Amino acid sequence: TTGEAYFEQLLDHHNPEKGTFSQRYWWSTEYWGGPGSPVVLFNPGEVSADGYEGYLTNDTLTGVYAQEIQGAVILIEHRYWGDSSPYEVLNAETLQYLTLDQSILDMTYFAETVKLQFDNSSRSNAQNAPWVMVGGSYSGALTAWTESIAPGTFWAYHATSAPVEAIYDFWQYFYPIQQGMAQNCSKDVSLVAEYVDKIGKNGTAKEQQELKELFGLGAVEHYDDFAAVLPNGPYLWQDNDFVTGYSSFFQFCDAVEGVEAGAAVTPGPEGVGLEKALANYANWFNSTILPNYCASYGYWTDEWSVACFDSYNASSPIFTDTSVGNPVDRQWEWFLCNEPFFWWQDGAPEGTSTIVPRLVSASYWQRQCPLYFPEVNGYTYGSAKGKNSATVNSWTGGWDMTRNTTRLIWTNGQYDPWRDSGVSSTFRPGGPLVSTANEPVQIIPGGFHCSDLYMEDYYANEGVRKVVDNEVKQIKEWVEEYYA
């Protein structure tokens, strides 16, 4: 059966006298073998957890784990998202306790002390039963970082597509997309991105304004805000999985290549060249992306509004909305600016081919932190205080937290936009992590973001099936060691 409950979480694990707030969780005993059986714990991470029921079922990898080991499944909503926020208003003062250490200790404290409605004894808490922590994306890093920082509560860990390395100028976000996309699209998108840079850096004012109008963006006043719309094509790669078919991304590349779906004649790998690619990219954005783009934020209603592209308007509701249920993931922007993780999604450095404009730069994103988070009662965000990526990585270990691990398995995707923040990054010093029996790591061929989490990928792709089968057997083997 299923239910939902609240756990009384510590606001500040370092200072319990500051009190508690109520943290939402959901649970399922569909596969549970009774008190003493395993518990699979999954934190949906950078989002409200309400639309995540499926993780209780074997339609997802967490359910498959549970069925394999006779485990309960618990879905825990992250502090400061949804119904797990201590405050109704999120600003630089109230977000002071939205940190990685608090988020890690939330998980161990919960597993050690929660009173589960389905087992009123202590027999299902983590001191008495094996808890398996599973996470994808940021919650996969939360999972790995918990093994690094606070081992000894959870029994085993699986991290898929985990950004365990903080990186400031994360231009590598786009590198696996460039590698996975078609040759002609990649070439033509790069031509357009670099043309946008040339016109921004060397073109006249009349050239800049005219290029903006091609995209429908003549009213966008800051050139870097125009340049920042070009990644909307590449970003669609993040929505791919092995069952999305002729997806939004592949539609974008066909548009750039100037062909309708199913066309008999298509360009070869050489693409269509700058002039056509520019015209096609401009019209694709103007006609397919721009309409109702700003209206999707709720703050605006006009179909052709460009207000949401103006990142220099300190009064924009994108920056001033402090509500918990905001549509701009303000909570995540806090982690980026404050921890700081950064992961700014940028054009590549000079001398390295790029599929997004180099004018989309780390400084362009960093400039927005004080617009999201103006100083409040003396409180500011961590990167303004001088904290940087190494502050985080030297604590957690970053992608070198792999040194001496126990019962942690990793999965990554060959073409995951988050791969190069993780242990399988091609830019990790000493190369990507080498798999061992003690610490396995698998890369899904052709894989995207968290492709082993969704079982539709398992049935659709034999490469995914091989990876899922291996990690499920590894988790079962490790869990059995608890009872042996």
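Residue numbers run from 1 along the displayed sequence.
Visitor: Out of 335-343 and 281-289, which one has CA B-factors that are higher on average in the deposited record?
Guide: The stretch with the larger average C-alpha B-factor is 281-289.
Visitor: So 50-58 or 431-439, which one's hotter by mean CA B-factor in the entry?
Guide: Taking the mean B-factor of the alpha carbons in each, 50-58 is higher.
Visitor: Of the options 398, 203, 382, 233, which has the highest CA B factor as deposited?
Guide: Among 398, 203, 382, 233, the PDB entry lists the largest C-alpha B-factor for 203.
Visitor: Looking at 166, 408, 126, 359, which has the highest Cα B-factor in the entry?
Guide: Across 166, 408, 126, 359, the entry lists the biggest C-alpha B-factor for 126.
Visitor: Can you tell me which third, lowest, middle or highest, the CA B-factor of residue 185 falls into for its chain?
Guide: CA B-factor rank for residue 185: middle third.
Visitor: Could you say whether, by C-alpha temperature factor, residue 453 belongs to the lowest, middle or highest third of its chain?
Guide: For residue 453, the deposited C-alpha B-factor lands in the middle third.
Visitor: C-alpha B factor of residue 69, ranked within the chain: lowest, middle or highest third?
Guide: For residue 69, whose C-alpha B-factor we compare with every modelled residue in the chain, the answer is the highest third.
Visitor: Among the modelled residues of this chain, does the Cα B factor of residue 157 put it in the lowest, middle or highest third?
Guide: Its C-alpha B-factor, which the entry lists for residue 157, ranks in the lowest third among residues of this chain.
Visitor: Once the chain's modelled residues are ordered by C-alpha B factor and cut into thirds, is residue 367 in the lowest, middle or highest one?
Guide: CA B-factor rank for residue 367: lowest third.
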